[PDB]
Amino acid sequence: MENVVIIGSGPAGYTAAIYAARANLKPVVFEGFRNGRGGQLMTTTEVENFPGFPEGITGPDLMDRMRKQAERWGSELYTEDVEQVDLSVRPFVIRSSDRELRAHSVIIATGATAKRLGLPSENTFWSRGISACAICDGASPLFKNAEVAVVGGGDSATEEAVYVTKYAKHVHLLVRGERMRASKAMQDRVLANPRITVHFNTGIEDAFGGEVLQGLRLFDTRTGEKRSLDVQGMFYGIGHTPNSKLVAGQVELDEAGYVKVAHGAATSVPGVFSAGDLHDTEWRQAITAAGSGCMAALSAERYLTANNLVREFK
């Protein structure tokens, strides 16, 4: 019988764990394995906007520090994916590949789905023409005077397209719909730039090449008409998807799948708290996710206390 079970090992999950462990709750953390232990910062290079690191810190080193801190203060860390939760009963039921636990309270910190398309040949060209971060990778020798694609039509994606025109001979911006979702300034900047072609009503079937990317198999999203595009790079500027499937149908979600929260972390289910990118439609930073993890942990501790649910030993 757990006081609290935390799901996720991003900055939200680990900050929640540090607060819950320091309150003597002996949190259990399902960190993920197939979901990617350590969250989105494991996939970046250098973090420069996490306060307390004036020299910068690698994503992996920052997340390693957070894990060590969680462990130091008494967190039980499982490198296991949660397969199923039951929030309709009390105590709550949490099932991983390896074990089933009951818990007086649950912190869900499952973040965003992986920034990738899942194309058949995606793993083939990963780091060999395909990149999920144009800012991290755009200046690489591979892309110097290349034709490249940027996937998406949002604010991030138009800025990423313009950035990459510093290095690439030509940028093909690939938009699913008829209209970019970026600001009109960003649109005038893109539609002006002589080194950007915007493809509207464009989806991606697969990537092709040899030892590295040589192009994309595309289709019109209205008619399915197919064509090929020769590019030596592809950057993902795709939108944020909250990873809420564990709780879909059990807590209130908005239209995009974000968990709805009150008072910083409270879900529609008493005793269930959300932290991080899972409910964040605005900021999507490691520092805001960490603050959110703290709010969920303090929220869980006050819920456990008010209901007299904490025991001396588990």
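Note that residue numbering begins at 1 and tracks the sequence as displayed.
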**Complete:** Of 302-310 and 15-23, the stretch with the higher mean C-alpha B-factor in the deposited entry is 302-310
**Item:** Mean C-alpha temperature factor, higher of 180-188 and 139-147
**Value:** 180-188
**Request:** Report the option among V89, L77, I94, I108 whose CA atom has the maximum B-factor in the deposited record.
**Result:** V89
**Fill in**
Of the residues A112, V82, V162, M234, the one whose Cα carries the largest B-factor in the deposited record is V162
**Request:** Select lowest, middle or highest to describe the third in which the CA B-factor of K260 falls within its chain in this entry.
**Result:** middle
**Fill in**
Quick tally, chain-level thirds of C-alpha B-factors: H172 sits in the middle
**Item:** Ranked against its chain, the third holding the CA B-factor of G152
**Value:** highest
**Prompt:** If you rank every modelled residue in this chain by C-alpha B factor, which third holds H240: lowest, middle or highest?
**Reply:** highest
**Complete:** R72: CA B-factor among chain residues, third -> lowest
